[PDB]
Amino acid sequence: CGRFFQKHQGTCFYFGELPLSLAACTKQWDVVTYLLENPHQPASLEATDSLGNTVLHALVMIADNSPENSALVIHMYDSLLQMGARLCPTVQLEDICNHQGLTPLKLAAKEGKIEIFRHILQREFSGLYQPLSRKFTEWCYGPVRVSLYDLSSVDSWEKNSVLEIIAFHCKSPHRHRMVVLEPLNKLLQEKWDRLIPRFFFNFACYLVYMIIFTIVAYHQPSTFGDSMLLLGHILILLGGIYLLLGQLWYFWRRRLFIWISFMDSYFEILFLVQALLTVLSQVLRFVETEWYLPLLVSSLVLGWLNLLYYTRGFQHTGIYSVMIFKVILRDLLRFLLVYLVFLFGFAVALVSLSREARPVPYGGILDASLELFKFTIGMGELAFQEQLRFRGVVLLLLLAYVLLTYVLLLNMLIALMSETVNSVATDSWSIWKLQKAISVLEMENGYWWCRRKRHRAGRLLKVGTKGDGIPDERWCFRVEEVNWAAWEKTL
Amino acid sequence: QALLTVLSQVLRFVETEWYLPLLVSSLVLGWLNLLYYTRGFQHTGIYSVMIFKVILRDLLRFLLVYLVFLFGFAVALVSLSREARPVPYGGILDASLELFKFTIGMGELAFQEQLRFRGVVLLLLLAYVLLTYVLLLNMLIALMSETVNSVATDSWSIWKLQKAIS
Amino acid sequence: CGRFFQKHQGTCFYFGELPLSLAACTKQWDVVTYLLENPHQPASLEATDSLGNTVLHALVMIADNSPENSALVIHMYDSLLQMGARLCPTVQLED
């Protein structure tokens, strides 16, 4: 338990602070072999350290995405698994919870170790050491194969599953590439196909709420109509309260999620803001404040913008929205910053001049800023003001500003957007896949008022006996695939 | 086009005032149908295929997002601007037309001093312009560039198939 | 004429529902060769199934655009054509 043997920032090398774990991590199979059957006093294999990790946890914690480390980690993991089957076949090493209640597979999911994650997820062995495998094979008639992936600790039916960890606990940058594999892409596709009606019913309900909002906002003064207006207002208030409660429940359930990934969801914040604004305007109406009208319409726009959430039900528009947000985040704030600096400088310069006559344009800073913005909009008034005494200077200043920020900057913006789109397309597809996964996981959990029953995925199938007694039964996920190349390597 | 032409011609004898629209509605279509007879050449023939690929791939998304943004902002502007301290944004059609003027390059971005919510209206207009003109229209050009680069060769093959069918 | 041997959506593998077609599709040239000249009672080569397909129709119906399947299909097609020329040169299998 030394400072150098812990995992932190600076000089360190975490290896499980255990001699067996050290030997396994430094790729010393002879040392491990000698340590496992020393006749003097045997060494254990499910021994834990202070952090709670075991040898497999240490192996997955030292793993990296480089091929050289991944191969070593995979080989050591498999060898240790089969050796544990040799020595202690009763206990299972894969189900040893950490001090945080994490298994090696769940630790791989949380820490972002993609290679070992996929290997553990779809590992396949032979007749010997068969029970400790994840991908089985039911039957092979000709060139078609049926694969049965184990759904242990990965199906969403369990409280803390791999999917939930990936979607809400992993803080790795590129965690969207993680769920785009074999036994994850299919399962989520099936879940999405089953949950389509609920998703589109939610979209329809939101559309109806927004239509009611628009009707109420459009038909409002400074009888039967009065009763209908009051009814519209009370339904708006109820909808705002409902959305506010839902968003508060979401944020309470995902407290440590905002500081994990801020730009992955980025719609729950907008929905919360819209609901808060709607409620505030509705309660401010009874106060008889003139500032009712702004906030209310400030809600309306947001609500319509929130229809852009419900557009990832389709690949085409869903990828379009992700690309839009990537462009905004990557190559629009720079242009805005440079633009604002140039515009403010030139506007202040123009206002400083043009007041020495030989109504008055560029009277204030706001007017000059608006005129310069008219220039990018395509309505700039580029005249030769003959009233003032500095005609030439003002004209040259305007020409320089136009040439600097319109010919150059706006077209460079289009060039940057083209480069961004070309760079991002595929990662955008993967991000859309992750967005669909998150939406599915949220939809499986019911609303804050109604809880949805958890429908277990997969099916119980005979996957052979254990090495002790009563035959082993487990929930598997079935996927058929037609292969002509792999079918050649078995004849 | 043929159905419209026949319907207008038979509606002329009925002495209906709605003769003039349908007839001219035929005319435009007919001229657009000259774009069929342009695959007799590789250059223009491939150009037409690329045009249709761009329309089908990266114009409906932009139109959908545009329509949502425009309708939302137009309804918001009409809801305001009626509390005075003729009248702009009188109806939904007028506000929609003004916002479309913005993408066309003729948007009137003034500081309405008559109404009491000058700042709110100005900020709403500025936000709409920044959102749908600086961003969306240029992203459309970027998407079109990507589409053209992706489709060129398949467009050549599609032109070959079109010639075969002809 | 089973539900699994027909071509539809779900679990299935269409192979022409004929033993000769099955042997040709599973890349078993020795089985095909033995079936074509068994002295007890000869097997036919222009024999059809319920769908109306023959062994060549089955081969082209199982074909895929992957290189591994395409090579197998091409080789089996050519071998069956020349074998039919050997056995029955009068009738043409391509028509």
Side-chain angles (χ1 to χ4, degrees), chain A residues 210 213-222 290-291 293-308 311 314 316-321 323-324 326-328 331-332 335-336 339 366-367 370-371 373-374 376-379 410-411 413-422 425, chain B residues 57-58 60-62 64-65 67-84 91-92 101-111 116-117 119-131 133-147 149-150:
Chain A
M210 272 328 276
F213 201 93
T214 290
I215 286 173
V216 173
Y218 185 95
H219 270 273
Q220 163 182 355
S222 175
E290 192 177 5
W291 288 86
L293 205 55
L295 282 72
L296 180 81
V297 307
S298 182
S299 298
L300 176 60
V301 184
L302 276 177
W304 283 117
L305 303 194
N306 289 346
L307 277 296
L308 277 296
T311 182
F314 301 108
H316 189 69
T317 59
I319 283 176
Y320 181 44
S321 179
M323 272 195 279
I324 287 176
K326 296 291 281 185
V327 163
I328 293 174
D331 54 84
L332 188 67
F335 162 82
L336 275 187
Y339 197 74
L366 161 73
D367 281 334
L370 199 62
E371 295 293 326
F373 204 71
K374 277 181 178 131
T376 29
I377 263 358
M379 305 267 288
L410 275 171
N411 304 304
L413 185 63
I414 303 172
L416 288 179
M417 275 151 179
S418 301
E419 188 263 339
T420 290
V421 164
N422 278 318
Chain B
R57 187 193 272 230
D58 54 84
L60 305 183
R61 299 178 294 181
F62 162 82
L64 188 146
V65 175
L67 287 176
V68 170
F69 284 4
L70 189 146
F71 178 85
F73 271 97
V75 171
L77 290 173
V78 174
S79 296
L80 285 162
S81 83
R82 57 175 60 180
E83 185 259 331
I92 176 63
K101 277 181 178 131
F102 265 103
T103 29
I104 263 358
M106 305 267 288
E108 284 322 325
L109 188 64
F111 181 77
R116 186 265 182 275
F117 286 128
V120 171
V121 170
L122 185 62
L123 294 174
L124 207 63
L125 266 187
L126 284 180
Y128 165 81
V129 168
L130 187 79
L131 183 63
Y133 185 94
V134 188
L135 179 72
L136 207 63
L137 275 171
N138 304 304
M139 203 186 147
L140 185 63
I141 303 172
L143 288 179
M144 275 151 179
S145 301
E146 188 263 339
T147 290
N149 278 318
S150 297

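Computation of the quantities below employed the complete heavy-atom set of this structure, encompassing side-chain atoms and omitting hydrogens, waters and symmetry-equivalent molecules. Every chain is numbered from 1, with letters handed out A, B, ... down the list of sequences.
Interface summary for chain B: among A/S418, A/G378, A/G303, A/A415, the most heavy-atom pairs under 4.5 angstrom belong to A/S418. With respect to chain A, the highest number of heavy-atom pairs below 4.5 Å among B/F69, B/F111, B/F117, B/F102 belongs to B/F117. Put simply, of B/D58, B/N149, B/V75, the one with the most heavy-atom pairs under 4.5 Å next to chain A is B/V75. By number of non-hydrogen pairs under 4.5 angstrom with chain B, the leading residue of A/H219, A/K374, A/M417, A/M210 is A/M417. For chain A, the option among B/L60, B/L80, B/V120, B/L124 with the highest count of heavy-atom pairs below 4.5 Å is B/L80. The candidate from A/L370, A/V327, A/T317 with the greatest count of non-hydrogen atom pairs under 4.5 Å with chain B is A/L370.
Applying the side-chain hydrogen bond (donor to acceptor under 3.5 Å, both in side chains) test to every pair with at least one member in residues 68-84 of chain B, sequence neighbours left out, gives no pairs at all.
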Run the side-chain contact (heavy atoms from CB on, under 4.5 Å) test on A/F213 and A/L296 for me, step by step, so that the C-alpha distance in whole Å, both residues' side-chain angles and the decisive distance to 0.1 Å come before the verdict.
CA-CA 9 Å; A/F213 201 93; A/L296 180 81; 3.9 Å; yes

Could you please spell out the steps behind the side-chain contact (heavy atoms from CB on, under 4.5 Å) verdict for A/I319 and A/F314?
CA-CA 8 Å; A/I319 283 176; A/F314 301 108; over 6 Å; no

Apply side-chain contact (heavy atoms from CB on, under 4.5 Å) to A/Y320 and A/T311, showing your working.
CA-CA 9 Å; A/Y320 181 44; A/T311 182; over 6 Å; no

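Only the side chain of B/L126 has a heavy atom closer than 4.5 Å to any heavy atom of chain A. For chain A, no part of B/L123 is nearby; none of its heavy atoms comes within less than 4.5 Å. Neither the backbone nor the side chain of B/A127 comes within contact range of chain A; no heavy atoms are under 4.5 Å apart. With a threshold of 4.5 angstrom between heavy atoms, A/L366 approaches chain B through side-chain atoms but not through N, CA, C or O. With a 4.5 Å cut-off on non-hydrogen atoms, A/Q220 touches chain B through its backbone but not through its side chain. For B/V134, the parts sitting under 4.5 Å from any heavy atom of chain A are the backbone and the side chain alike. With a threshold of 4.5 angstrom between heavy atoms, B/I104 does not approach chain A through any atom at all.
With rounding to the nearest 0.5 angstrom, the CG atom of A/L332 is 14.5 Å from the NZ atom of A/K326.
A 4.5 Å side-chain heavy-atom check between A/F373 and B/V129 finds at least one atom pair inside the cut-off. Side-chain contact between B/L130 and B/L135: absent, with no pair of heavy atoms (C-beta onward) separated by less than 4.5 Å.
Scanning for side-chain contact (heavy atoms from CB on, under 4.5 Å) contacts around B/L137 gives B/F62, B/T103, B/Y133, with sequence neighbours left out.
The closest donor-acceptor contact from the side chain of A/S299 to the backbone of A/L295 lies under 3.5 Å.
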